[PDB]
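Presented as structure tokens, the chain that follows is alone, the form deposited in one PDB entry.
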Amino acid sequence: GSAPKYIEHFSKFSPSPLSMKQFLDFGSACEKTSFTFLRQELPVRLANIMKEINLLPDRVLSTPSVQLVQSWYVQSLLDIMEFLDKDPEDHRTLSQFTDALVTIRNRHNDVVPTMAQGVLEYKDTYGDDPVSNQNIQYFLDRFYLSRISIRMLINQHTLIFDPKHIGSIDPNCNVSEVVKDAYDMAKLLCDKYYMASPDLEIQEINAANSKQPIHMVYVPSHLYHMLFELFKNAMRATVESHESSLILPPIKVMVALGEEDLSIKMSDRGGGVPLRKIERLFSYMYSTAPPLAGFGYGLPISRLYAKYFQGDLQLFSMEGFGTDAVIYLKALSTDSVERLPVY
């Protein structure tokens, strides 16, 4: 077959980041335009990450975990190749494409738990030294980022071509709302497994406008994933740190709108982490092994979601007291451009 050639060809191209502007504009008339873009762009992006996978050392490459996903990405690449010469003006060519994208979405779901298994085999088969950890961290952050960028495109298509929301984007996303729901659901799982649960104090700061509710252009699902992961972490720590005592501090959130950053601090009084152990929480390796630990996207993955549109997600803590966690986003849709790894 052709995978390596197909790959080697498309990895000459550089992926094309989009802004929310461009994403929004694809959703006003335009189906066949989305198509001619994506049949080009998906192979580029697929190929680039496939090129980097195949540069991994053979002792990783050859693990069952990796070989399995290398297999998935190959099918997907090809599935989308089929369409490179099909004719855009055919109201049926466009339709078996969309089916084709969904079929590809389903293949790819179990990718997280699969890589973990590779991470795990690697830890027990070669070790957990710091130099290993840098390589794994390096490669997963890129891989997982790439993968998020592909999902973004695919959902954008399938969701539009099956007013208000434009696919997965909400041009009038109400940050407070997303916060309250992540909390209510976290609260739910907390009340179940613990039989106490912190309250929530939201506070807003709209610097420019004094007192408007804080709205933004974003992908609310991403922001929900992020907030959820954090609330879960805060609740666990708050609740267990105070089993012996009665009084249970709330989790406070502040949501601050400046001239370029829209930021979201979440503060717990859960007893905190010593500075030395904090980088650990972001490491795929030091955090994989075999109560409400089964829920949520992971801390490293939450952070990628923020980096994905030029944000970040940082933790800082005070041992003996508790932890702040902050999500940094771009206030301006203009500055919200995809972040993508290269070659």
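Think of the rigid core as the biggest set of C-alphas that the two forms share within 1.5 Å after superposition. In case it trips you up, residue 1 is the first one in the sequence shown, and so on.
S.K.: Over the set of other compared entries for this protein, does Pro57 lack coordinates in at least a third of them?
M.R.: No, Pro57 is modelled in every one of the other compared entries that cover both of its flanks.
S.K.: Look at the other compared PDB entries that model both sides of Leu292, then say whether a third or more of them leave it out.
M.R.: Across the other compared entries, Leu292 is absent from at least a third.
S.K.: Looking at the deposited sequence, how many residues between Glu243 and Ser244 were given no coordinates in the entry: none, 1 to 3, 4 to 9, or 10 or more?
M.R.: Missing residues, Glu243 to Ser244: none.
S.K.: Return whichever of 206-214 and 167-175 has the greater mean Cα B factor according to the PDB record.
M.R.: Stretch with the greater average CA B-factor: 206-214.
S.K.: Averaging CA B factors per stretch from the PDB record, which one is higher: 99-107 or 248-256?
M.R.: Mean B over CA atoms: larger for 99-107.
S.K.: Which is it among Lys32, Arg59, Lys307, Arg276: the one with the largest CA B-factor in the entry?
M.R.: That would be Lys32.
S.K.: Of the options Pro88, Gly270, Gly118, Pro198, which has the highest CA B factor as deposited?
M.R.: If I rank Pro88, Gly270, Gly118, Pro198 by C-alpha B-factor, first place goes to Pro88.
S.K.: For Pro220, return the chain-relative third of its C-alpha B-factor as stated in the PDB record: lowest, middle or highest.
M.R.: Lowest third of the chain for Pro220's C-alpha B-factor.
S.K.: Thinking about Cα B factors across the chain, which third does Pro300 belong to?
M.R.: Lowest third.
S.K.: Classify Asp324 as lowest, middle or highest third according to the C-alpha B-factor given in the PDB entry, relative to its own chain.
M.R.: As the PDB entry reports it, the C-alpha B-factor of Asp324 lands in the lowest third of its chain.
S.K.: Among all modelled residues of this chain, ranked by Cα B factor, put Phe316 in the bottom, middle or top third, i.e. lowest, middle or highest.
M.R.: It falls in the middle third of the chain.
S.K.: Select lowest, middle or highest to describe the third in which the CA B-factor of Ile148 falls within its chain in this entry.
M.R.: Lowest third - that is where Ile148 ends up once the chain's C-alpha B-factors are sorted.
The form deposited in another entry is left out here; the points below concern that form.
S.K.: If I align on the rigid core, exactly one of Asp124, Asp87, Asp99, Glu240 should have its C-alpha move by 2 Å or more between this form and the one not shown; which residue is that?
M.R.: Result of the superposition: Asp124 is the only one at 2 Å or more.
S.K.: For a quick test of reading the superposition: does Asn206 move by 2 Å or more at the CA between this form and the one not shown, rigid core aligned?
M.R.: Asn206: C-alpha displaced by less than 2 Å between this form and the one not shown.
S.K.: Superpose on the rigid core, then tell me if the C-alpha of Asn133 is displaced by 2 angstroms or more between this form and the one not shown.
M.R.: Where the cores coincide, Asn133 still shows a C-alpha shift between this form and the one not shown that is 2 Å or more.
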